[PDB]
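Just the one chain here, the form deposited in one PDB entry, laid out as C-alpha cells.
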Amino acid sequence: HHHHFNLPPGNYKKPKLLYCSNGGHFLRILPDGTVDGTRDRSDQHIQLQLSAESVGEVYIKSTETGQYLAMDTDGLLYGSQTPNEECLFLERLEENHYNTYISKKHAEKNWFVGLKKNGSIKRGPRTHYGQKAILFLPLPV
C-alpha cells in the first residue's frame, strides 16, 4: 500500500461502461482477448462488471465473454480467460471526479489502464499521472 486511498463513490451492484474522456472511447474486451476502445455505444463487448476483491482492489470483467481485463509483464492490456494477479487493479478517484485503475502487480511503477485519443490501448510504461488517457467515467449500461 504505497498509493493514496481516495476512492470513488458508487458501487459494483450493476455493470458499467468505462468511458475514457481522452478520446471519448469506451473500454472494450473482444472475444479474442484483444483490448481496445470504441465510440460505438451499441457494441456488445463494452459492458463490464467490476467487483471488489479487497477495498479499492477490483477485477474488471466483460459481461458478454466473462474475460478479465489484465495487464501483462510488458504493460499491454489483454483479456484473460481466468483470474490471476495481472487482473487486479487499484481503483482510485482522480482530480476529485474521475476513476483511474493502476495495475496492482505493477503498482510501484504506476502503470495505468489507459486509452489514447485514437482509441488504442496505452502501454503501462507510457501512462502516468496527469494524462487524460488514464481518466475514466463509469457510465450506466
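In case it trips you up, residue 1 is the first one in the sequence shown, and so on.
Keep in mind the form deposited with a small molecule bound is missing from the figure; the text below concerns it.
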query = Are any of the heavy atoms in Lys117 no more than 4.5 Å from a heavy atom of the small molecule in the entry with it bound?
reply = yes
Hey, in the entry with it bound, does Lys122 get a heavy atom within 4.5 angstroms of the small molecule? yes
Spell out, yes or no, whether the shortest heavy atom distance between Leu18 and the small molecule in the entry with it bound is within 4.5 Å. no
Check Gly24 for me: does it contact the small molecule in the entry with it bound (non-hydrogen atoms, 4.5 angstroms)? no
